[PDB]
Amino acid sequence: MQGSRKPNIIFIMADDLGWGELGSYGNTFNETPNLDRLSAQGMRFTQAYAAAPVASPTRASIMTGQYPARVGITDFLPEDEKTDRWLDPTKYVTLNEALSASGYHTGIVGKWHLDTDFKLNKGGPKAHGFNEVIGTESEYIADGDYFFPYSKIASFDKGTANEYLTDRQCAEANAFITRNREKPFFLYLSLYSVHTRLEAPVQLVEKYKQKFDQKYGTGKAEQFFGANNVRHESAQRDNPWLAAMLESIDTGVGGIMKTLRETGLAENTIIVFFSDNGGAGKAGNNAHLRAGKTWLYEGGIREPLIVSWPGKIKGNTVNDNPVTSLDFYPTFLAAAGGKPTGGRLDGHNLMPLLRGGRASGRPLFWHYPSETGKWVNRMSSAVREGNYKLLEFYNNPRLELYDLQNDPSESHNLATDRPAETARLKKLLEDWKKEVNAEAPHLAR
């Protein structure tokens, strides 16, 4: 039946995918032709942030629209016996429920990581009200399992011989789109890829190993990524396993884009591609950015962000205004014609910015006390306002100030040379840490 309907929202999030990985973000080794077509059909953000530098807190920021420091989940949820933390459906109106109240059918395909108690699982996605819960984790994901039968995903009881998980999750996405084509839907495609341990179909791995040898020389893939390298990790850039994993994601994104075109949903569907945190050490490519996952340096929090809404968002646009994972909740509620129902939202609606509007500066905040990883040298808090970023570190206590426009690699600390700017941002950070009751870092006495 033809007639206007609220737009579908498809939120595709990769796990641990670095800012330097996509073709449109400058990578020449990986191949991401479908995501580069999505970029050509939409708006590419160069200064998009996860609200945390590890998995669970960024997922919490997306589902609650609140600072991870305010939620009290600032680090990943470990196995059940190592935490008492979980996201409680009675404490938050989650993004899926806000969209349900605005007329949407909701689904999650994949990773939740907001509850690691599987005995009761009172904070799993079904408990949060998702209408469809497809291949979510049934035990602690840990280093993962990417081939059927999926040891961490009991609910995928059926599958083909040696099926690859990214391919399964993308097929489930297309099927969800087809089953729900007559009504507004929200689909959270929460990929397990590219989380370690790296694993990809053999023929994709051999493709990128041959490409690596063409780039670096004969026998070099075997030299750096042979039998003896069990995790397929190294300090070497261009990771054939990551490239293979990313090709599977990219092909799956192409299948979703094709499904939208075939079902005649492409004109009335918003497609977002994002990542939950920065590239992982020894696996991921954060380009010139400093460090990666576990750090509040730019490499750990800067993420790929493509938003497409054909005919509403100008294609092949590049937006450098800073945005974060907190902004999806209000943006999607605006697209859905909904309004907050008393719940606090810590981000901002980007629909006016996506439509070509102007961006007012606002401060952005992070807090990483590393409650789970215990990474004492990474424990830090940060504020960005305009081009300046201030980090406070707790072990070796000190402030670091970067001008990210002139120093995007955070190689030249300005805190001593710009003491007034340092103090101005320090005051914003101190005030914010009070507002959110920021958890103290786990250090000695």
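The first residue of the shown sequence is 1; numbering continues from there.
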Out of 355-363 and 219-227, which one has CA B-factors that are higher on average in the deposited record? 219-227
Mean C-alpha B-factor higher for 82-90, or for 277-285? 277-285
Maximum C-alpha temperature factor, selected from 195, 290, 207, 374: 207
Among the candidates 106, 349, 268, 169, give the one with the maximum CA B-factor reported in the record. 268
Quick check on the deposited entry: does the C-alpha B-factor of residue 15 sit in the lowest, middle or highest third of its chain? lowest
Comparing residue 143 with the other modelled residues of its chain, is its CA B-factor in the lowest, middle or highest third? middle
By the record's CA B-factor, is residue 61 among the lowest, middle or highest third of residues in the chain? lowest
Residue 331 - Cα temperature factor, lowest/middle/highest third of chain: middle
Quick tally, chain-level thirds of C-alpha B-factors: residue 212 sits in the highest
